[PDB]
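As you go down the protein sequences, you meet chains Y, S, P, E, Z and A in turn. Numbered per the deposited numbering, the first sequence finishes at 181, counting up by one with no gaps. Numbered per the deposited numbering, the second sequence finishes at 181, counting up by one with no gaps. Numbered per the deposited numbering, the third sequence finishes at 181, counting up by one with no gaps. Numbered per the deposited numbering, the fourth sequence finishes at 181, counting up by one with no gaps. Numbered per the deposited numbering, the fifth sequence finishes at 181, counting up by one with no gaps. Numbered per the deposited numbering, the sixth sequence finishes at 181, counting up by one with no gaps. Where a beta carbon is used, it is the ideal one built from N, C-alpha and C, also for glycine. Remarks on the structure that follows.
Protein chains: 6
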Amino acid sequence: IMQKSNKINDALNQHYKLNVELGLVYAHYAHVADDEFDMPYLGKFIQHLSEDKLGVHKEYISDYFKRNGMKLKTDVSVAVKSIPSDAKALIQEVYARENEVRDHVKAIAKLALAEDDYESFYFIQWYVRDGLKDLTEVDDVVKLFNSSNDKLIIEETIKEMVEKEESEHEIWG
Amino acid sequence: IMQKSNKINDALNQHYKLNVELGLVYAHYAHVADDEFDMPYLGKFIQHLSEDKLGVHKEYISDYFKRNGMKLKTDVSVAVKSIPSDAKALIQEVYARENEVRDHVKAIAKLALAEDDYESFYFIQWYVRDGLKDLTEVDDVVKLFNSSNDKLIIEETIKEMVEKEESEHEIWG
Amino acid sequence: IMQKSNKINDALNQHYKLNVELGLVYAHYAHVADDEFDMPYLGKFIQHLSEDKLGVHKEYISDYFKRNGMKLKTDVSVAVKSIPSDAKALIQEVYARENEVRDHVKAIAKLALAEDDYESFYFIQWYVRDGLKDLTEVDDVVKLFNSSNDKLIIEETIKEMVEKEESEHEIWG
Amino acid sequence: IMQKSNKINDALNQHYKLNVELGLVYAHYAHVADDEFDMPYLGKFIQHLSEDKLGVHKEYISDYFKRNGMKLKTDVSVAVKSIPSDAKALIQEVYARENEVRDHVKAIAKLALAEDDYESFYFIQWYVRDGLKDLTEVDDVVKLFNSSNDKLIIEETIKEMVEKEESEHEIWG
Amino acid sequence: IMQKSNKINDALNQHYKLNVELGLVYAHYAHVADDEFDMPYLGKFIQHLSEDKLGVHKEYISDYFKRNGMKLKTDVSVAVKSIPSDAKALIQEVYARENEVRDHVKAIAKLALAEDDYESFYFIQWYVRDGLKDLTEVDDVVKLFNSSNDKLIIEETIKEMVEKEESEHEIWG
Amino acid sequence: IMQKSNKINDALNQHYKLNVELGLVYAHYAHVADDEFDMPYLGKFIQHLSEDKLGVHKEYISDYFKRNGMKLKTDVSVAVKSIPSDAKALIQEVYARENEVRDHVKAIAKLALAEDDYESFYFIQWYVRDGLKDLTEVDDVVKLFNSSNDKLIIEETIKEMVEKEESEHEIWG
Ligand SMILES: [Cl-]
Ligand SMILES: [Cl-]
Ligand SMILES: [Cl-]
Ligand SMILES: [Cl-]
Ligand SMILES: [Cl-]
Ligand SMILES: [Cl-]
Ligand SMILES: [Fe+3]
Ligand SMILES: [Fe+3]
Ligand SMILES: [Fe+3]
Ligand SMILES: [Fe+3]
Ligand SMILES: [Fe+3]
Ligand SMILES: [Fe+3]
Ligand SMILES: [Fe+3]
Ligand SMILES: [Fe+3]
Ligand SMILES: [Fe+3]
Ligand SMILES: [Fe+3]
Ligand SMILES: [Fe+3]
Ligand SMILES: [Fe+3]
Ligand SMILES: [Fe+3]
Ligand SMILES: [Fe+3]
Ligand SMILES: [Fe+3]
Ligand SMILES: [Fe+3]
Ligand SMILES: [Fe+3]
Ligand SMILES: [Fe+3]
Ligand SMILES: [Fe+3]
Ligand SMILES: [Fe+3]
Ligand SMILES: [Fe+3]
Ligand SMILES: [Fe+3]
Ligand SMILES: [Fe+3]
Ligand SMILES: [Fe+3]
Ligand SMILES: [Fe+3]
Ligand SMILES: [Fe+3]
Ligand SMILES: [Fe+3]
Ligand SMILES: [Fe+3]
Ligand SMILES: [Fe+3]
Ligand SMILES: [Fe+3]
Ligand SMILES: [Fe+3]
Ligand SMILES: [Fe+3]
Ligand SMILES: [Fe+3]
Ligand SMILES: [Fe+3]
Ligand SMILES: [Fe+3]
Ligand SMILES: [Fe+3]
Ligand SMILES: [Fe+3]
Ligand SMILES: [Fe+3]
Ligand SMILES: [Fe+3]
Ligand SMILES: [Fe+3]
Ligand SMILES: [Fe+3]
Ligand SMILES: [Fe+3]
Ligand SMILES: [Fe+3]
Ligand SMILES: [Fe+3]
Ligand SMILES: [Fe+3]
Ligand SMILES: [Fe+3]
Ligand SMILES: [Fe+3]
Ligand SMILES: [Fe+3]
Ligand SMILES: [Fe+3]
Ligand SMILES: [Fe+3]
Ligand SMILES: [Fe+3]
Ligand SMILES: [Fe+3]
Ligand SMILES: [Fe+3]
Ligand SMILES: [Fe+3]
Ligand SMILES: [Fe+3]
Ligand SMILES: [Fe+3]
Ligand SMILES: [Fe+3]
Ligand SMILES: [Fe+3]
Ligand SMILES: [Fe+3]
Ligand SMILES: [Fe+3]
Ligand SMILES: [Fe+3]
Ligand SMILES: [Fe+3]
Ligand SMILES: [Fe+3]
Ligand SMILES: [Fe+3]
Ligand SMILES: [Fe+3]
Ligand SMILES: [Fe+3]
Ligand SMILES: [Fe+3]
Ligand SMILES: [Fe+3]
Ligand SMILES: [Fe+3]
Ligand SMILES: [Fe+3]
Ligand SMILES: [Fe+3]
Ligand SMILES: [Fe+3]
Ligand SMILES: [Mg+2]
Ligand SMILES: [Mg+2]
Ligand SMILES: [Mg+2]
Ligand SMILES: [Mg+2]
Ligand SMILES: [Mg+2]
Ligand SMILES: [Mg+2]
Ligand SMILES: [Mg+2]
Ligand SMILES: [Mg+2]
Ligand SMILES: [Mg+2]
Ligand SMILES: [Mg+2]
Ligand SMILES: [Mg+2]
Ligand SMILES: [Mg+2]
């Protein structure tokens, strides 16, 4: 009884992979934001996102697998072979990748219902919520690049974003 | 003047890669220690080592590159396609990989002197020291598997290792 | 036994001289940043660098000489006969001088090894590390002049730099 | 209206120069007091005087110039090519130089009145007062060398002088 | 891989021996300073140096050997068969022995570089720094015997030296 | 009057020698307990005993000699040329040496009475008491090796022994 779903196991190993590789890309993007684009606060913002992906995002999957019999796979390949040409396109690329996260997570929730895997539907709610939360945080930074042409002004607003004391929204937080 | 050394830049990008990939392997090994071998404290020990490799070990290199003109490369490929057969061989494999870290770091220090790159010789001292420190921490766990045949006894000693309040040795710490 | 190296003694007297004269130039540059360029926070930043050069940078050499038999020489000549034409070129000139510090310090470390003077190699590590740290702090200010065209915006970021509570990096700090 | 006095501007640039060069001589004398004469507390006393000359003594002039249109000049040349033969003559030479400070400052106050430069007469009162205060502190050390022939006894009294908690005299302080 | 250097192992066993034997000589010299020369504070100063040599100086070597495979040897022979004739020559003999420590340590650092043993070069930096620090502390006491002919005056200065609250120099401390 | 006993002076110089040499042997045994036998807590236990022998055990004799005219001799020769084959025999050898301490101390007390040296009989009571106390502490560790065959179980009991807050027995403490 309660035999783990091979399809969910695959979908969650792929999401594990995605969060690792994304995290490594973001670590590179954070370096470049500071080093090439002269926006260390943008770099800190993107670095925080990198450690989020390589931290709880992947840890919760590993933890879940230990509880239910699913098998963990580590299979990672990512190379950063070109970077966006400026800081605005850098954060817009981060926005694009987060939007894809929401789409991947949606498929997993849909599959959990199809499989009548209610523990997995429950588990993925965290990622359903976090998909929109992370996108909103990235969206808040994208907006700055359309509200001013001064990189130091933008940097000052990002600084208060990343130094703000963590305050989670009642629903999305 | 003060043109960065291309050879050191390469050696440090390779060490960056090594710490990322090692960190990902250790994350898998930590999962398996708990999940397959029933040693969650061994898992916590190995997980702490994974976050060390994927944290300060790689961050200090990125930070160094920003200061001196060296270029960061992200090029990562690692797959965990077989695991050691039991917990003792698991930690012994971690020991083997840490011993190789010391050997890689030694080459970088030797090269920094060859290149008369004294900022890089200075920078790598942290990794010279940490090479032996991490090996010693791993060695302390390996020892347990030769001092008792009872996994719960071993687990209890590992627990106090990982829950001990961080105390750095005057030289190696 | 343990007869001090005349070559190191000369190289360190020359570095003592350099830090005195640099410190006096920076004191002038700080005056001009405020007085001519209307950037008092840039002035405070450069003044802090002046007191650093005329403080610990020279004091540690004098202290070192007392311990090992090296002779101190005071021979100082510096006149500020032209200034850069604007604040951006002012900080860029400070950047140029700090880059030369790294080059002078590198030669001293190389010479200490050549002389098998390991106390002097040890002593100069502080200056190896500080060469890059000071350059990085200056680099952070140079960057501002390329990220905004508004002197008050630049001044506000410099203000938080110089008023920030001193936080030393684990390696470079 | 309120056009700065070129004569005062010159006299104060010369006093700026004097305080820089004196400060550098005192730094050397402090080194020698400890290193050659075995009187580290005398060295600390003279070092404190060096940092006074290179600190507020020169900073107040730079600050004054920013407020009134006077131009700062940095033109510094000083070499310590012989030292007094013992500690008593060392402090007596410091006494001689401080006595000359009083004479230079007197001329500036006299000139400010001649120029009807009452802001400059006001400004120089600090230096009028400090001329006698510094001379008195130096005088207190000179006295010790005539009250005992034992360098350690002298050193113990100097120690309590320099370690005393700063207490400014109502008039001279 | 990472096979320990037999030459460094020998040099460090010899330094272990030196610190043990020195420590035992200093324990005797401390006894004599008090008992024969009536200078208990000089005795406390020399006793503190004895416990330093027999404490961390030797402990760090033993600790190092445990981490890297080097073998510890205990082979100790020392007899105090004559003592200096007075307190001044007593501390001057301590000065002579500390000067030899610096020379022994220099050889070990030179050998570590020759052996491309960068963990051992790192390890010995503590002894490079401490070689000069201990010599400076001894030098400070030697100086007293040339600054006064009164043993109680000398004793009072030594008392404040040994009772001073430990304050480490940024570089040498 | 009150002329010191040459026989007691000899017996106490020999006991001084014994405590030095024992202390050095124990320092080696502590290294080996950790390094070869994988029992770092046994190592800490034996290291504490080493510092006891090289600390108060010898210091009280030196102090005693200063008060009464006895002469201190430093004449030390000890080499550790073979070690016991396992941890149990290691602590059993420590037990054997402590048992001999009791026998040496007994002879000194007997001699003090024979010499009508009541200050020396008084002085040696500390060593009479400590002879049994140290033997009892060693005995408590020996016992563990007969109560379990698991080195980690033994190590856990030793850990609480050495980390216990010092509590002296009303008589033996
Ligand atoms: Cl199903
Ligand atoms: Cl090069
Ligand atoms: Cl030489
Ligand atoms: Cl006028
Ligand atoms: Cl080799
Ligand atoms: Cl008798
Ligand atoms: Fe840059
Ligand atoms: Fe930065
Ligand atoms: Fe977050
Ligand atoms: Fe978790
Ligand atoms: Fe699994
Ligand atoms: Fe590729
Ligand atoms: Fe790419
Ligand atoms: Fe940009
Ligand atoms: Fe664009
Ligand atoms: Fe589906
Ligand atoms: Fe997230
Ligand atoms: Fe299970
Ligand atoms: Fe668990
Ligand atoms: Fe750690
Ligand atoms: Fe960093
Ligand atoms: Fe780069
Ligand atoms: Fe593969
Ligand atoms: Fe594999
Ligand atoms: Fe197992
Ligand atoms: Fe096995
Ligand atoms: Fe090389
Ligand atoms: Fe590490
Ligand atoms: Fe237990
Ligand atoms: Fe327990
Ligand atoms: Fe103005
Ligand atoms: Fe101002
Ligand atoms: Fe600073
Ligand atoms: Fe200093
Ligand atoms: Fe000198
Ligand atoms: Fe000129
Ligand atoms: Fe110029
Ligand atoms: Fe400007
Ligand atoms: Fe311009
Ligand atoms: Fe050279
Ligand atoms: Fe600096
Ligand atoms: Fe603002
Ligand atoms: Fe603001
Ligand atoms: Fe000297
Ligand atoms: Fe000193
Ligand atoms: Fe003052
Ligand atoms: Fe001011
Ligand atoms: Fe001006
Ligand atoms: Fe000249
Ligand atoms: Fe001169
Ligand atoms: Fe003198
Ligand atoms: Fe004289
Ligand atoms: Fe006049
Ligand atoms: Fe003054
Ligand atoms: Fe006496
Ligand atoms: Fe006494
Ligand atoms: Fe000390
Ligand atoms: Fe240690
Ligand atoms: Fe060993
Ligand atoms: Fe002999
Ligand atoms: Fe001798
Ligand atoms: Fe004497
Ligand atoms: Fe004499
Ligand atoms: Fe060599
Ligand atoms: Fe020391
Ligand atoms: Fe006194
Ligand atoms: Fe006194
Ligand atoms: Fe081992
Ligand atoms: Fe250990
Ligand atoms: Fe004890
Ligand atoms: Fe005592
Ligand atoms: Fe005696
Ligand atoms: Fe022998
Ligand atoms: Fe033996
Ligand atoms: Fe054993
Ligand atoms: Fe046995
Ligand atoms: Fe008898
Ligand atoms: Fe005892
Ligand atoms: Mg399948
Ligand atoms: Mg259905
Ligand atoms: Mg290349
Ligand atoms: Mg070379
Ligand atoms: Mg010369
Ligand atoms: Mg050579
Ligand atoms: Mg003019
Ligand atoms: Mg008039
Ligand atoms: Mg050999
Ligand atoms: Mg070579
Ligand atoms: Mg006799
Ligand atoms: Mg009788």
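Does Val33 of chain A come out as helix, strand or coil in the three-state DSSP assignment? Position 25 of the sixth sequence, counting from 1, holds the residue named residue 33 of chain A. In the structure shown, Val33 of chain A sits in a helix (DSSP, three-state: H, G or I).
Counting only C-beta atoms, is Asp142 of chain A closer than 8 Å to chain S at any point? Looking up residue 142 of chain A in the sixth sequence gives position 134. With 8 Å as the cut-off, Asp142 of chain A does not count as an interface residue toward chain S.
Excluding the five sequence neighbours on either side, which residues of its own chain have a C-beta within less than 6 Å of the C-beta of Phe153 of chain S, listed in chain order? The sequence position of residue 153 of chain S within the second sequence is 145, counting from 1. Here the set comprises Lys96.
Is there a Cβ of chain S sitting closer than 8 Å to that of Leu160 of chain A, yes or no? Here residue 160 of chain A refers to the residue found at position 152 when the sixth sequence is read from its first residue. At least one chain S Cβ lies under 8 Å of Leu160 of chain A.
For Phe45 of chain Z, I'd like the list of residues in its chain whose CB is within less than 6 Å of its CB, leaving aside the five on either flank, ordered along the chain. As a first step, residue 45 of chain Z is located in the fifth sequence; it is residue number 37 there, counting from the start. Only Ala95 meet the Cβ criterion.
Any beta carbon from chain E within less than 8 Å of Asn154 of chain Z's own beta carbon? Residue numbering aside, residue 154 of chain Z sits at position 146 when the fifth sequence is read from its first letter. Yes - at least one Cβ of chain E is within 8 Å of the one on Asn154 of chain Z.
Are the C-beta atoms of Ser90 of chain P and some chain E residue less than 8 Å apart? Here residue 90 of chain P refers to the residue found at position 82 when the third sequence is read from its first residue. Not closer than 8 Å to any Cβ of chain E, the Cβ of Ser90 of chain P fails to qualify, so no.
Are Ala19 of chain Z and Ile91 of chain Z touching if we call contact CB-CB under 8 Å? Reading the fifth sequence from its first residue, position 11 is the one you call residue 19 of chain Z. Reading the fifth sequence from its first residue, position 83 is the one you call residue 91 of chain Z. Not in contact: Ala19 of chain Z and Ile91 of chain Z (Cβ atoms no closer than 8 Å).
Could you check whether the Cβ of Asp42 of chain E sits closer than 7 Å to any heavy atom belonging to ligand 85? For the purposes of this step, residue 42 of chain E is identified with residue 34 of the fourth sequence, where counting begins at 1. Outside the cutoff, so no.
Would you report the Cα separation of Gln55 of chain S and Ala38 of chain S, rounded to the nearest angstrom? As a working note, residue 55 of chain S is residue 47 in the second sequence. As a working note, residue 38 of chain S is residue 30 in the second sequence. Cα-Cα distance, rounded: 5 Å.
For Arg110 of chain S and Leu62 of chain S, which I take to be in contact (beta-carbon distance under 8 Å), what is that distance rounded to the nearest angstrom? Residue mapping note: residue 110 of chain S aligns to position 102 of the second sequence, counting from 1. Residue mapping note: residue 62 of chain S aligns to position 54 of the second sequence, counting from 1. Their Cβ separation, rounded to whole angstroms, is 19 Å, which puts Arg110 of chain S and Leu62 of chain S out of contact at 8 Å.
Beta carbon nearer than 6 Å to a non-hydrogen atom of ligand 9: Y:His56, Y:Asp60
Spatially closest choice to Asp60 of chain Z from Z:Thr82, Z:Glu29, Z:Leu121, Z:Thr165, by CA coordinates: Indexing the fifth sequence from 1 puts residue 60 of chain Z at position 52. Checked all of Z:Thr82, Z:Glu29, Z:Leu121, Z:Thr165; the closest Cα to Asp60 of chain Z is Z:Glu29.
Applying the criterion that 16 or more other CB atoms from any shown protein chain within 10 Å of the CB defines a buried residue, is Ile99 of chain E buried or exposed? Residue 99 of chain E sits at position 91 when you count from the first residue of the fourth sequence. Classification of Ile99 of chain E: buried, given that the 10 Å Cβ count is 16 or more.
Distance cutoff 8 Å, beta carbons only. Does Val28 of chain E sit that close to anything in chain P? For the purposes of this step, residue 28 of chain E is taken as residue 20 along the fourth sequence, with counting starting at 1. Yes, contact with chain P.
Give the straight-line distance between the Cα atoms of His36 of chain Y and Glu127 of chain S, rounded to the nearest whole angstrom. The residue labelled residue 36 of chain Y in the question sits at position 28 within the first sequence. The residue labelled residue 127 of chain S in the question sits at position 119 within the second sequence. When rounded, the distance between both Cα atoms is 23 Å.
At a Cβ cut of 8 Å, what residues of the segment 96-128 of chain P count as close to chain S, listed as they run along the chain? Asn107, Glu108, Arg110, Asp111, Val113, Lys114, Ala117, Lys118, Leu121
Between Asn17 of chain E and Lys79 of chain E, is the Cβ-Cβ spacing less than 8 Å? Translated into the one-based positions of the fourth sequence, residue 17 of chain E becomes position 9. Translated into the one-based positions of the fourth sequence, residue 79 of chain E becomes position 71. In this structure, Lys79 of chain E lies closer than 8 Å to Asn17 of chain E by Cβ.
By C-beta, the residues closer than 5 Å to any heavy atom of ligand 14, given in chain order: Y:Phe45, Y:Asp94, Y:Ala95
Whose CA, out of A:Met169, A:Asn76, A:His65, A:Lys15, lies closest to the CA of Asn27 of chain A? For the purposes of this step, residue 27 of chain A is taken as residue 19 along the sixth sequence, with counting starting at 1. Among A:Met169, A:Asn76, A:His65, A:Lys15, the Cα nearest to that of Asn27 of chain A belongs to A:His65.
Applying the criterion that 16 or more other CB atoms from any shown protein chain within 10 Å of the CB defines a buried residue, is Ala120 of chain P buried or exposed? The count along the third sequence starts at 1 and reaches residue 120 of chain P at position 112. By the 10 Å Cβ count, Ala120 of chain P comes out buried.
Taking the alpha-carbon positions, what's the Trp134 of chain Z to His177 of chain S distance? Position 126 of the fifth sequence, counted from the start, is the residue given in the question as residue 134 of chain Z. Position 169 of the second sequence, counted from the start, is the residue given in the question as residue 177 of chain S. Using only the alpha carbons, I get a separation of about 12 Å.
Contact criterion: CB-CB distance below 8 Å. Does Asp18 of chain E meet it with respect to chain P? Translated into the one-based positions of the fourth sequence, residue 18 of chain E becomes position 10. Output row for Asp18 of chain E: interface = no.
Return yes when the C-beta of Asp138 of chain E is under 7 Å from any heavy atom of ligand 47, and no when it is not. In the fourth sequence, residue 138 of chain E corresponds to position 130, counting from 1. No - ligand 47 has no heavy atom lying nearer than 7 Å to the Cβ of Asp138 of chain E.
Through-space distance from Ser58 of chain E to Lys52 of chain E, alpha-carbon basis: Taking the fourth sequence and counting its residues from 1, one reaches residue 52 of chain E at position 44. Taking the fourth sequence and counting its residues from 1, one reaches residue 58 of chain E at position 50. Each residue's alpha carbon lies about 10 Å from the other.
When you compare the CB positions of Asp83 of chain Y and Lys25 of chain Y, do they come within less than 8 Å of one another, or not? In the first sequence, residue 83 of chain Y corresponds to position 75, counting from 1. In the first sequence, residue 25 of chain Y corresponds to position 17, counting from 1. Yes, Cβ-Cβ distance for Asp83 of chain Y and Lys25 of chain Y is below 8 Å.
Would the beta-carbon of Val146 of chain P fall within 8 Å of that of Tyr103 of chain P? Counted from its first residue, the third sequence places residue 146 of chain P at position 138. Counted from its first residue, the third sequence places residue 103 of chain P at position 95. Contact: yes.
Chain A contact residues for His39 of chain Z, given Cβ-Cβ distances below 8 Å: Here residue 39 of chain Z refers to the residue found at position 31 when the fifth sequence is read from its first residue. Ordered by position in chain A, the residues that pass the 8 Å Cβ test against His39 of chain Z are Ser70, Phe73, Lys74, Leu80.
C-beta atoms of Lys15 of chain Y and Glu123 of chain Y nearer than 8 Å: As a working note, residue 15 of chain Y is residue 7 in the first sequence. As a working note, residue 123 of chain Y is residue 115 in the first sequence. It is a contact, given that the beta carbons lie within the stated cut-off.
Of the residues S:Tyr34, S:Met169, S:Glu171, the one placed nearest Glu101 of chain S, counting alpha carbons only: Residue mapping note: residue 101 of chain S aligns to position 93 of the second sequence, counting from 1. The residue with the shortest Cα to Cα distance from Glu101 of chain S is S:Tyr34.
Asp148 of chain P beta carbon near ligand 78 (any heavy atom closer than 7 Å): Looking up residue 148 of chain P in the third sequence gives position 140. No, the Cβ of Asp148 of chain P stays beyond 7 Å of every heavy atom of ligand 78.
Should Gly77 of chain P be labelled buried (16 or more other beta-carbon atoms within 10 Å of its own) or exposed? Numbered from its first residue, the third sequence carries residue 77 of chain P at position 69. Exposed, because fewer than 16 other Cβ atoms sit within 10 Å of the Cβ of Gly77 of chain P.
What residues match up with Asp83 of chain Z in a beta bridge as DSSP calls it? Translated into the one-based positions of the fifth sequence, residue 83 of chain Z becomes position 75. Partner(s): A:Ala87.
Please tell me whether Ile161 of chain S and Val149 of chain S are closer than 8 Å, where the distance is taken between their beta carbons. For the purposes of this step, residue 161 of chain S is taken as residue 153 along the second sequence, with counting starting at 1. For the purposes of this step, residue 149 of chain S is taken as residue 141 along the second sequence, with counting starting at 1. No; because the gap between Cβ atoms is not below 8 Å, this pair is not in contact.
Kindly examine ligand 6 and report whether one of its heavy atoms sits closer than 7 Å to the Cβ of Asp124 of chain A. Position 116 of the sixth sequence, counted from the first residue, corresponds to residue 124 of chain A. Yes, the Cβ of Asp124 of chain A comes within 7 Å of a heavy atom of ligand 6.
Can you tell which of Z:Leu143, Z:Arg75, Z:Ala87 has its C-alpha closest to the C-alpha of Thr144 of chain S? Counting from 1 along the second sequence, the entry for residue 144 of chain S is found at position 136. The shortest Cα separation from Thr144 of chain S among Z:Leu143, Z:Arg75, Z:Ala87 belongs to Z:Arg75.
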